[PDB]
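Here's the structure, in structure tokens; my notes come after.
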Amino acid sequence: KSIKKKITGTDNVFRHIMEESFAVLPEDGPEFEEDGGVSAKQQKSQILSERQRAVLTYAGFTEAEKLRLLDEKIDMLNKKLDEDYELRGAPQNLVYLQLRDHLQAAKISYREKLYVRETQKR
Amino acid sequence: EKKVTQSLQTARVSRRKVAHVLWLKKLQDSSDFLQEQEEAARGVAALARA
Amino acid sequence: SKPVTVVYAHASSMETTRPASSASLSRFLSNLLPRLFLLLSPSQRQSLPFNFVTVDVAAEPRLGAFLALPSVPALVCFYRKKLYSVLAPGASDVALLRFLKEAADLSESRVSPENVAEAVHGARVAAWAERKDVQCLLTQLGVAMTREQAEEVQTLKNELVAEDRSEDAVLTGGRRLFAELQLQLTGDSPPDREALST
Amino acid sequence: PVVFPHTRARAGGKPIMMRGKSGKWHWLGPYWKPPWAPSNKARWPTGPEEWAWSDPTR
Amino acid sequence: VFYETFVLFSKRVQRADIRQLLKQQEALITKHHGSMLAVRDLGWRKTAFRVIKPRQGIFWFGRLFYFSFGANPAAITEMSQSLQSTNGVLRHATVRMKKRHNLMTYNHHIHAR
Amino acid sequence: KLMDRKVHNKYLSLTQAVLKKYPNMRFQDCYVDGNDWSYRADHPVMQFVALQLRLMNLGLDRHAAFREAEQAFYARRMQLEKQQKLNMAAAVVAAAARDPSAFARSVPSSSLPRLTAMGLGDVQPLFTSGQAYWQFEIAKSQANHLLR
Amino acid sequence: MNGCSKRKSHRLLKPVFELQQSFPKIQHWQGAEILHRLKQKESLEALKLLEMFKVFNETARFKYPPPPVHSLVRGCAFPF
Amino acid sequence: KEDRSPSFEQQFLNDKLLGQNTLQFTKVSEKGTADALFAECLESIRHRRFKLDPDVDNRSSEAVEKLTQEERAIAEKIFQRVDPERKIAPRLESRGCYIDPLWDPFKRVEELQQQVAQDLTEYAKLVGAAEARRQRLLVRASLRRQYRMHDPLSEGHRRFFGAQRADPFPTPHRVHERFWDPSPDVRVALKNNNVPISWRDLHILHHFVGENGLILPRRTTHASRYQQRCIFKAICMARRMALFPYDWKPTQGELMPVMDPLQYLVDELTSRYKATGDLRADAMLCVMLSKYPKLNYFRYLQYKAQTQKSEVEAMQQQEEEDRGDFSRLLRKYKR
Amino acid sequence: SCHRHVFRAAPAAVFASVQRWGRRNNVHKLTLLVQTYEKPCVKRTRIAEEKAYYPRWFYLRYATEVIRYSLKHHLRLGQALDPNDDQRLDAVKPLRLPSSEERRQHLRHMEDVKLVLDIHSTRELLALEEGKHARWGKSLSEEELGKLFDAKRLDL
RNA sequence: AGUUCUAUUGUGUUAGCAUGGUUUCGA
């Protein structure tokens with residue numbers, strides 16, 4: 001209203017609150033949080049991690065199936081690193097070379113874990 | 001068998017009255033002037049005797 | 001176990017960086033309670049007449065809904081697992097003393113009234129009342145015990161509702177007459193026919 | 001136990017509206033259920049709606 | 001039974017007048033075996049249209065007040081007539097206190113959700 | 001014709017509760033004539049309620065019939081529908097003859113079978129809620145554009 | 001390979017000529033005037049089209065013609 | 001690090017494109033529990049592997065229209081019965097309750113997005129940064145134009161393809177009381193949280209009034225017989241109190257119930273913190289808590305007290321290092 | 001009261017909107033009634049008569065809409081609805097993938113670049129499934145994945 | 001059918017108030 005006849009003799013309360021609120025949160029600070037509201041928070045509780053997804057996928061597998069499957073994977077992997085590009089010793093890429101080493105270490109680690117410490121549980 | 005229904009009727013009305021007391025308690029708590037006047041009254045009582 | 005359990009509800013998690021109100025009441029409450037009985041040390045927690053337990057409102061959602069407190073902080077009392085009067089925040093100093101006085105009476109040394117002004121005034125640096133038992137206190141204690149059918153404890157409270165008082169008969173009169181009947185119907189020997197008729 | 005229904009006749013009379021330019025009722029108003037009306041279940045088969053209030057305690 | 005009254009003040013009403021007005025009212029309450037419940041304030045309120053009250057002038061806004069009480073049912077007429085004679089009060093109404101719907105026990109979560 | 005009698009239609013009241021708990025039944029068979037939602041014998045809504053009334057004839061109560069009907073139809077989804085879908089999907093993976101490594105003159109070079117394992121190509125899953133299908137079409141479009 | 005099993009034949013998809021509303025029969029002379037007013041606010045006329053649906057009532061000077069009987073008999077003769 | 005610029009901060013999340021940012025995978029930290037090490041190690045095998053893939057997997061084709069004008073109307077109307085208290089929208093953030101996390105079709109996006117970034121090897125390999133910049137703008141334009149392609153039920157779809165409007169059958173206005181389809185916006189206001197509407201509810205009576213200020217009939221507001229009489233009383237009384245217009249609709253400055261002014265502010269702020277999570281709102285309430293202890297804070301306290309899910313999640317992560325997956329299998333073993 | 005603003009519109013077009021506004025509120029009807037004094041008896045019969053004619057007009061108005069709508073589209077509805085009618089897809093080409101039981105039979109009646117295209121294409125599929133070319137291409141039989149692979153080893 | 005209690009109220013009576021057609025006034 002342009003006319004100087006409205007409510008004038010009053011105290012502003014909104015500003016007071018805001019003014020006092022700068023102590024806990026500066027004006028230059030962020031306006032929004034990554035967590036978001038209820039809609040956003042639900043998402044974070046449903047999405048799974050990279051390591052979690054792998055365990056769930058192979059949860060139903062057993063020792064008799066995992067060991068056999070792994071041996072087949074490394075068997076063909078080596079065949080493509082000794083006679084794939086004829087006889088070479090300096091490939092331009094390190095895709096299969098880097099994957100072969102990682103799988104080999106896992107097999108060695110399994111050998112050390114026999115039962116817990118000793119052959120017998122006594 | 002009529003006496004059996006007498007006990008049931010007493011229990012039925014008893015539950016209805018219980019809910020009524022809760023509503024009145026709210027008013028008392030929610031009321032500010034009631035408490036303020038009451039508080040003041042008590043204070044003067046002891047001062048006059050002392 | 002102690003039948004009276006005082007639950008102190010507060011929300012100090014949000015004020016970990018800048019105390020505004022939550023810590024203000026803790027400083028005064030922790031310094032006044034010990035002086036009136038003579039978070040807290042385990043040694044001094046056994047001499048109190050009620051079980052003082054603290055719970056955080058802004059830590060557990062299940063408990064927050066059960067109490068359903070419109071405000072924060074606020075003192076909530078209990079007696080034999082039952083709701084009791086709740087002291088709202090922002091009250092005067094006299095209100096706080098009142099709540100504590102009634103808390104120690106439900107369970108049933110104490111500071112005499114002559115030395116009450118010094119205890120309260122001296123506890124404010126950190127930065128009982130002369131009224132007898134309340135009428136509602138005795139009535140609330142007899143209504144719940146009659147279900148348990150006591151023998152020796154029931155007679156005591158029956159005798160403390162009529163002696164040199166003759167001041168409250170429209171409220172406590174109804175329970176007084178029925179209280180005597182229960183006692184007469186508890187003795188092993190048959191009751192007296194003449195006594196019941198009168 | 002075996003009990004038969006009672007007569008549908010009741011005291012009073014049918015609703016009547018006073019004549020003339022002054023519109024007013026004589027005995028009963030518009031909200032009058034006759035004793036020969038059908039059951040409420042058949043008259044309102046739809047029942048309360050989903051957006052209706054479940055507590056008419058105004 | 002319990003009763004409620006909503007009084008709309010004017011711009012020409014100071015705090016002096018408000019205290020006086022309420023004190024007068026309490027006289028009647030006590031007379032009829034009653035007791036005041038609580039007194040609250042609602043602040044200012046915008047009016048949809050201009051109010052033209054005779055011998056008072058024209059106003060566009062006012063201060064809205066609310067107070068609860070309880071007395072005999074016959075005390076409503078006496079109270080209603082007193083407000084009209086007094087200056088400042090341009091509009092008022094008395095509403096009976098209901099069980100569920102009330103300004104005491106039911107004041108939260110109205111506009112939100 | 002004297003033996004003709006009129007019976008009360010119990011499906012009007014029984015069907016109201018079924019849709020309230022599971023309102024995702026109207027989506028199925030929507031474009032077909034006869035079905036109205038402002039139902040045909042073949043509609044899921046009519047099938048589920050039919051078993052409830054039949055079971056009650058033996059002596060079961062109204063509430064007990066709901067539990068029995070829910071479990072009876074649940075097995076058909078997991079033991080027949082789910083098994084059928086999964087069985088068919090498996091065969092798709094085997095169709096890896098397009099890869100050059102499938103026949104020599106080895107590590108596969110194309111990721112065609114890998115994509116079909118997650119159910120994205122010619123092998124789509126079957127859900128129950130209508131919201132799941134609404135979001136599924138969104139994903140497809142998203143991935144389509146990025147290819148280009 | 002997850003498409004619909006049944007063909008699409010719903011009325012909503014394919015508009016057709018029908019009346020999705022019921023009303024008591026109205027006198028021919030009463031409805032004739034109403035229809036004329038609508039036409040003033042500017043093939044076969046609308047009055048005749050509505051008559052086939054049995055919308056009007058059987059008044060004194062208006063009766064529903066009987067079905068064709070003399071031009072609908074078609075029988076076959078064979079031994080037995 | 002090397003010249004690594006993922007698509008997460010160069011392609012989208014600017015101007016128009018930040019409107020929707022759906023999270024695919026959670027983030028714990030950079031270096032920490034075993035989960036952090038696996039995330040980067042799995043990434044290392046990738047990237048360089050995108051270069052040796054063949055060009056046959058690129059099954060690119062034109063996107064033809066899916067839903068026709070006559071078909072989208074049926075789907076739009078049938079989807080309102082399941083939730084008449086809300087409007088249909090692509091709620092991508094709540095897909096977990098309807099789609100299994102493992103069978104989520106959105107997973108493909110994650111893989112695909114990483115590829116596009118990696119494929120931009122031309123930044124400085126062949127032509128240099130000179131021309132690289134130019135090409136970047138091209139991709140932004142393309143995506144912005146086609147932003148409407150992800151919503152067939154929306155009006156954007158039709159505009160793109162350029163199809164004529166639908167011609168629904170003429171529905172009669174006069175209907176029996178048995179059939180009624182009130183709008184979602186007005187349906188929620190009628191219930192009023194199972195509370196009868198009174199003269200104090202000024203923000204709800206503004207809907208049941210015409211331009212001239214007359215009382216609408218029972219065939220327009222679509223309300224029950226009992227509440228129709230109550231509504232007429234509330235609006236009538238408000239006018240006598242000079243709290244409602246007499247020949248026009250209310251203004252924006254009079255849409256507030258009869259309550260404590262301070263209560264309004266508090267209540268208002270709580271909704272914002274729950275929908276989008278405004279930081280400013282949270283701060284305001286914090287201060288007000290102490291300043292006005294005599295106020296209702298039930299909703300504010302409950303929301304904060306419900307943040308315990310973050311603390312418990314730490315225990316699950318801590319046990320994950322010791323192969324403690326038994327907590328997840330038990331929850332899934334429901335049957 | 002009604003107020004309208006003219007913006008990029010001819011005066012005649014705007015004037016046609018306000019004219020129809022009075023009909024909804026019966027502005028004209030009320031203006032004339034108050035001019036002349038009407039006896040209470042006449043209003044008793046007039047008020048009742050308006051409750052029978054107006055409802056009939058609404059039903060007839062909807063009927064005219066269908067005639068115009070159907071005229072521009074032709075067609076006509078008939079008694080075609082029958083419960084005893086299975087609405088099955090006509091010609092219905094799309095079907096489930098073969099289970100390998102019928103694949104072999106197909107090659108038996110198609111051996112004879114046009115018609116010989118299938119040769120060496122589907123045959124390699126069968127060999128690959130049995131595991132003849134590649135050691136990793138061997139698939140699983142249909143009789144060893146349902147008996148003790150899905151009915152007992154279910155994740156749930 | 002009838003009595004008691006509880007929810008519900010454009011049915012009878014009711015003095016001041018608000019709005020409005022007509023009418024009235026012109027520091």
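As shown in the structure tokens, the chain order sets the letters A, B, ...; within each chain, residues go from 1, and ligands are also counted from 1 in the order they appear.
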Pick out the residues sitting within 9 Å of residue B:30, and hand them over as a PDB file with C-alpha atoms, in the first residue's frame; count only C-alpha atoms (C1' of nucleotides), and ignore anything fewer than 5 positions along from it in its own chain.
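Everything below was put into result-v9.pdb:
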```
ATOM      1  CA  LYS B  25      -6.629 -31.957  32.646  1.00  0.00           C
TER       2      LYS B  25
ATOM      3  CA  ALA E  38      -6.673 -17.759  30.228  1.00  0.00           C
ATOM      4  CA  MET E 104      -6.401 -24.366  23.797  1.00  0.00           C
ATOM      5  CA  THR E 105      -5.833 -28.026  23.067  1.00  0.00           C
TER       6      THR E 105
END
```
### Task
Compile the residues of chain J that lie within 10 Å of chain E, evaluated using only C-alpha atoms (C1' of nucleotides), and express the compilation as a ChimeraX atom specification.
/J:15-18
Go ahead and dump the residues you just picked, N, CA, C and O atoms (P, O5', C5', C4', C3', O3' and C1' of nucleotides), as a PDB file, in the first residue's frame.
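Now in part_28.pdb:
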```pdb
ATOM      1  P     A J  15     -36.999 -10.089  19.822  1.00  0.00           P
ATOM      2  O5'   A J  15     -36.298  -8.758  20.345  1.00  0.00           O
ATOM      3  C5'   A J  15     -36.831  -8.034  21.443  1.00  0.00           C
ATOM      4  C4'   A J  15     -35.739  -7.428  22.287  1.00  0.00           C
ATOM      5  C3'   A J  15     -34.646  -6.688  21.529  1.00  0.00           C
ATOM      6  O3'   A J  15     -35.015  -5.369  21.168  1.00  0.00           O
ATOM      7  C1'   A J  15     -33.661  -8.140  23.111  1.00  0.00           C
ATOM      8  P     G J  16     -34.329  -4.664  19.898  1.00  0.00           P
ATOM      9  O5'   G J  16     -32.793  -4.562  20.304  1.00  0.00           O
ATOM     10  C5'   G J  16     -31.791  -4.308  19.331  1.00  0.00           C
ATOM     11  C4'   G J  16     -30.482  -3.935  19.978  1.00  0.00           C
ATOM     12  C3'   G J  16     -29.255  -3.973  19.078  1.00  0.00           C
ATOM     13  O3'   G J  16     -29.116  -2.812  18.278  1.00  0.00           O
ATOM     14  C1'   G J  16     -28.776  -5.084  21.106  1.00  0.00           C
ATOM     15  P     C J  17     -28.880  -2.947  16.694  1.00  0.00           P
ATOM     16  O5'   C J  17     -27.579  -3.858  16.572  1.00  0.00           O
ATOM     17  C5'   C J  17     -26.341  -3.449  17.136  1.00  0.00           C
ATOM     18  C4'   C J  17     -25.230  -4.406  16.783  1.00  0.00           C
ATOM     19  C3'   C J  17     -24.888  -4.502  15.303  1.00  0.00           C
ATOM     20  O3'   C J  17     -24.042  -3.459  14.852  1.00  0.00           O
ATOM     21  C1'   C J  17     -25.147  -6.674  16.171  1.00  0.00           C
ATOM     22  P     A J  18     -24.256  -2.822  13.392  1.00  0.00           P
ATOM     23  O5'   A J  18     -23.735  -3.950  12.394  1.00  0.00           O
ATOM     24  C5'   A J  18     -22.361  -4.309  12.356  1.00  0.00           C
ATOM     25  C4'   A J  18     -22.095  -5.405  11.354  1.00  0.00           C
ATOM     26  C3'   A J  18     -22.529  -5.126   9.923  1.00  0.00           C
ATOM     27  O3'   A J  18     -21.606  -4.321   9.210  1.00  0.00           O
ATOM     28  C1'   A J  18     -23.238  -7.291  10.553  1.00  0.00           C
TER      29        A J  18
END
```
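Our summary of the geometry notes that atom CA of residue C:39 is positioned 8.3 Å from atom CA of residue C:54.
Atom to atom, atom CA of residue G:67 and atom CA of residue I:59 stand 27.2 Å apart.
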Who sits within 10 Å of residue D:35, only C-alpha atoms (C1' of nucleotides), same chain under 4 positions skipped, as a compact mmCIF listing (two decimals) with N, CA and C atoms, in the first residue's frame:
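result.txt, freshly written:
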```
# COMPACT_ATOMS: atom_id res chain seq x y z
N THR D 7 -46.56 -51.81 16.54
CA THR D 7 -47.27 -51.00 15.57
C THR D 7 -46.42 -49.80 15.14
N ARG D 8 -46.50 -49.46 13.86
CA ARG D 8 -45.74 -48.34 13.32
C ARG D 8 -46.37 -46.99 13.62
N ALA D 9 -47.63 -46.97 14.05
CA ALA D 9 -48.29 -45.70 14.36
C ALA D 9 -47.64 -45.04 15.57
N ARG D 10 -47.46 -43.73 15.49
CA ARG D 10 -46.85 -42.94 16.55
C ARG D 10 -47.64 -41.66 16.75
```
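The nearest approach to chain I among the residues H:42, H:235, H:18, H:216, with only C-alpha atoms taken into account, belongs to H:216.
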### Message
Residues of chain H were defined as contacting chain D if any atom lay at most 12 Å from it, counting only C-alpha atoms; please report them as a VMD selection string.
### Response
chain H and resid 81 83 to 85 176 to 198 222 to 228 230
Residues at most 7 Å from stretch 2-10 of chain E, counting only C-alpha atoms (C1' of nucleotides), excluding those fewer than 2 positions away in the same chain, as a PDB file with N, CA, C and O atoms, in the first residue's frame?
```
ATOM      1  N   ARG E  12      -6.536   3.118  18.000  1.00  0.00           N
ATOM      2  CA  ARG E  12      -6.714   4.097  19.007  1.00  0.00           C
ATOM      3  C   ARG E  12      -6.851   3.542  20.403  1.00  0.00           C
ATOM      4  O   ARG E  12      -7.367   4.228  21.294  1.00  0.00           O
ATOM      5  N   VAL E  13      -6.472   2.335  20.665  1.00  0.00           N
ATOM      6  CA  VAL E  13      -6.527   1.593  21.871  1.00  0.00           C
ATOM      7  C   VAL E  13      -5.138   1.355  22.398  1.00  0.00           C
ATOM      8  O   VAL E  13      -4.367   0.652  21.733  1.00  0.00           O
ATOM      9  N   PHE E  61      -7.656  -1.388  10.088  1.00  0.00           N
ATOM     10  CA  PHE E  61      -7.037  -2.514  10.771  1.00  0.00           C
ATOM     11  C   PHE E  61      -7.315  -2.390  12.264  1.00  0.00           C
ATOM     12  O   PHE E  61      -7.897  -1.407  12.730  1.00  0.00           O
ATOM     13  N   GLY E  62      -6.923  -3.344  13.038  1.00  0.00           N
ATOM     14  CA  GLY E  62      -7.051  -3.446  14.417  1.00  0.00           C
ATOM     15  C   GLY E  62      -6.357  -4.562  15.087  1.00  0.00           C
ATOM     16  O   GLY E  62      -5.796  -5.423  14.405  1.00  0.00           O
ATOM     17  N   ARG E  63      -6.340  -4.616  16.378  1.00  0.00           N
ATOM     18  CA  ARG E  63      -5.758  -5.581  17.233  1.00  0.00           C
ATOM     19  C   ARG E  63      -6.765  -6.619  17.658  1.00  0.00           C
ATOM     20  O   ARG E  63      -7.756  -6.248  18.298  1.00  0.00           O
ATOM     21  N   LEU E  64      -6.601  -7.866  17.366  1.00  0.00           N
ATOM     22  CA  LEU E  64      -7.420  -8.976  17.673  1.00  0.00           C
ATOM     23  C   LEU E  64      -7.031  -9.613  18.982  1.00  0.00           C
ATOM     24  O   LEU E  64      -5.862  -9.984  19.132  1.00  0.00           O
ATOM     25  N   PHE E  65      -7.951  -9.755  19.920  1.00  0.00           N
ATOM     26  CA  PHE E  65      -7.710 -10.346  21.225  1.00  0.00           C
ATOM     27  C   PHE E  65      -8.662 -11.508  21.446  1.00  0.00           C
ATOM     28  O   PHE E  65      -9.750 -11.579  20.883  1.00  0.00           O
ATOM     29  N   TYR E  66      -8.257 -12.441  22.280  1.00  0.00           N
ATOM     30  CA  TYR E  66      -8.910 -13.635  22.653  1.00  0.00           C
ATOM     31  C   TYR E  66      -8.767 -13.950  24.117  1.00  0.00           C
ATOM     32  O   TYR E  66      -7.646 -13.888  24.627  1.00  0.00           O
ATOM     33  N   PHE E  67      -9.798 -14.294  24.819  1.00  0.00           N
ATOM     34  CA  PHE E  67      -9.866 -14.632  26.189  1.00  0.00           C
ATOM     35  C   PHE E  67     -10.943 -15.637  26.492  1.00  0.00           C
ATOM     36  O   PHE E  67     -12.073 -15.437  26.038  1.00  0.00           O
ATOM     37  N   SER E  68     -10.695 -16.675  27.218  1.00  0.00           N
ATOM     38  CA  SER E  68     -11.549 -17.716  27.642  1.00  0.00           C
ATOM     39  C   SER E  68     -12.005 -17.550  29.068  1.00  0.00           C
ATOM     40  O   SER E  68     -11.233 -17.066  29.901  1.00  0.00           O
ATOM     41  N   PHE E  69     -13.188 -17.932  29.416  1.00  0.00           N
ATOM     42  CA  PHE E  69     -13.816 -17.837  30.679  1.00  0.00           C
ATOM     43  C   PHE E  69     -14.912 -18.855  30.861  1.00  0.00           C
ATOM     44  O   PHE E  69     -15.307 -19.521  29.899  1.00  0.00           O
ATOM     45  N   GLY E  70     -15.459 -18.996  32.023  1.00  0.00           N
ATOM     46  CA  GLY E  70     -16.536 -19.788  32.387  1.00  0.00           C
ATOM     47  C   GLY E  70     -17.419 -19.340  33.485  1.00  0.00           C
ATOM     48  O   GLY E  70     -16.924 -19.050  34.578  1.00  0.00           O
ATOM     49  N   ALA E  71     -18.691 -19.213  33.297  1.00  0.00           N
ATOM     50  CA  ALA E  71     -19.681 -18.715  34.174  1.00  0.00           C
ATOM     51  C   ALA E  71     -21.047 -19.281  33.880  1.00  0.00           C
ATOM     52  O   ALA E  71     -21.191 -20.175  33.039  1.00  0.00           O
ATOM     53  N   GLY E  88     -13.631   1.952  21.553  1.00  0.00           N
ATOM     54  CA  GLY E  88     -12.601   1.158  21.039  1.00  0.00           C
ATOM     55  C   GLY E  88     -12.940  -0.124  20.390  1.00  0.00           C
ATOM     56  O   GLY E  88     -12.470  -0.436  19.291  1.00  0.00           O
ATOM     57  N   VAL E  89     -13.778  -0.915  20.975  1.00  0.00           N
ATOM     58  CA  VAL E  89     -14.299  -2.146  20.508  1.00  0.00           C
ATOM     59  C   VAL E  89     -15.222  -1.880  19.343  1.00  0.00           C
ATOM     60  O   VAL E  89     -16.313  -1.346  19.563  1.00  0.00           O
ATOM     61  N   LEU E  90     -14.825  -2.227  18.120  1.00  0.00           N
ATOM     62  CA  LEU E  90     -15.653  -2.004  16.942  1.00  0.00           C
ATOM     63  C   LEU E  90     -16.457  -3.229  16.535  1.00  0.00           C
ATOM     64  O   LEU E  90     -17.539  -3.080  15.956  1.00  0.00           O
ATOM     65  N   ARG E  91     -16.023  -4.420  16.788  1.00  0.00           N
ATOM     66  CA  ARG E  91     -16.624  -5.662  16.487  1.00  0.00           C
ATOM     67  C   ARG E  91     -16.232  -6.752  17.447  1.00  0.00           C
ATOM     68  O   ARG E  91     -15.049  -6.845  17.781  1.00  0.00           O
ATOM     69  N   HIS E  92     -17.116  -7.580  17.897  1.00  0.00           N
ATOM     70  CA  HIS E  92     -16.941  -8.647  18.804  1.00  0.00           C
ATOM     71  C   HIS E  92     -17.949  -9.748  18.620  1.00  0.00           C
ATOM     72  O   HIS E  92     -19.036  -9.499  18.093  1.00  0.00           O
ATOM     73  N   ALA E  93     -17.674 -10.938  19.043  1.00  0.00           N
ATOM     74  CA  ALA E  93     -18.475 -12.100  18.983  1.00  0.00           C
ATOM     75  C   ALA E  93     -18.172 -13.081  20.082  1.00  0.00           C
ATOM     76  O   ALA E  93     -17.015 -13.182  20.497  1.00  0.00           O
ATOM     77  N   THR E  94     -19.183 -13.818  20.537  1.00  0.00           N
ATOM     78  CA  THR E  94     -19.025 -14.835  21.566  1.00  0.00           C
ATOM     79  C   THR E  94     -19.288 -16.207  20.960  1.00  0.00           C
ATOM     80  O   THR E  94     -20.334 -16.425  20.340  1.00  0.00           O
ATOM     81  N   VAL E  95     -18.341 -17.123  21.142  1.00  0.00           N
ATOM     82  CA  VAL E  95     -18.429 -18.476  20.608  1.00  0.00           C
ATOM     83  C   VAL E  95     -18.293 -19.462  21.758  1.00  0.00           C
ATOM     84  O   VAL E  95     -17.378 -19.350  22.581  1.00  0.00           O
ATOM     85  N   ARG E  96     -19.208 -20.426  21.814  1.00  0.00           N
ATOM     86  CA  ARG E  96     -19.157 -21.445  22.851  1.00  0.00           C
ATOM     87  C   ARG E  96     -17.940 -22.341  22.657  1.00  0.00           C
ATOM     88  O   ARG E  96     -17.560 -22.666  21.529  1.00  0.00           O
ATOM     89  N   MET E  97     -17.306 -22.757  23.703  1.00  0.00           N
ATOM     90  CA  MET E  97     -16.188 -23.619  23.769  1.00  0.00           C
ATOM     91  C   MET E  97     -16.586 -25.034  23.440  1.00  0.00           C
ATOM     92  O   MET E  97     -17.455 -25.577  24.130  1.00  0.00           O
TER      93      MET E  97
END
```
Close residues, residue G:10 itself excluded, 9 Å, only C-alpha atoms (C1' of nucleotides), min 4 positions apart in chain, as a compact mmCIF listing (two decimals) with C-alpha atoms, in the first residue's frame:
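Result file follows (selection03.txt):
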```
# COMPACT_ATOMS: atom_id res chain seq x y z
CA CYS F 30 -7.14 -51.70 -19.37
CA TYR F 31 -7.41 -51.29 -23.14
CA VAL F 32 -9.79 -54.24 -23.51
CA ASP F 33 -13.54 -53.76 -23.81
CA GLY F 34 -15.80 -54.55 -20.90
CA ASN F 35 -13.49 -53.40 -18.15
CA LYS G 14 -12.38 -45.80 -30.52
```
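Picture a line from atom CA of residue H:149 to atom CA of residue H:64; it runs 10.7 Å.
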Using only C-alpha atoms, what does the table of chain C residues within 9 Å of chain B look like, with each row giving the shortest atom pair and its distance in Å to one decimal, sorted by chain and ascending number, as CSV?
```
residue,atom,partner,partner_atom,distance
C:86,CA,B:29,CA,9.0
C:88,CA,B:29,CA,8.6
C:95,CA,B:39,CA,8.8
```
### Query
Can you list, as a VMD selection string, every protein, DNA or RNA residue that comes within 12 Å of residue D:14 when you count only C-alpha atoms (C1' of nucleotides), leaving out same-chain residues fewer than 4 positions away?
chain D and resid 9 to 10 25 to 35
### Task
May I have the residues within 12 Å of residue G:4 as JSON, numbers by chain, using only C-alpha atoms (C1' of nucleotides) and disregarding those fewer than 4 positions away in the same chain?
{"F": [27, 28, 29, 30, 31, 32], "G": [8], "I": [87, 88, 89, 92, 94, 95]}
### Query
Counting only C-alpha atoms, which residues from chain H have an atom at most 9 Å from any atom of chain I, and could you show them as a ChimeraX atom specification?
/H:169-174,211-212,247-248,329,332-335
#### Entry: alpha helix (DSSP H) positions in stretch 70-263 of chain H, given as a ChimeraX atom specification
/H:70-78,107-119,129-145,155-161,184-191,202-205,218-221,225-240,261-263
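If only C-alpha atoms are the atoms counted, then among F:58, F:92, F:45, F:25 the closest residue to chain I is F:92.
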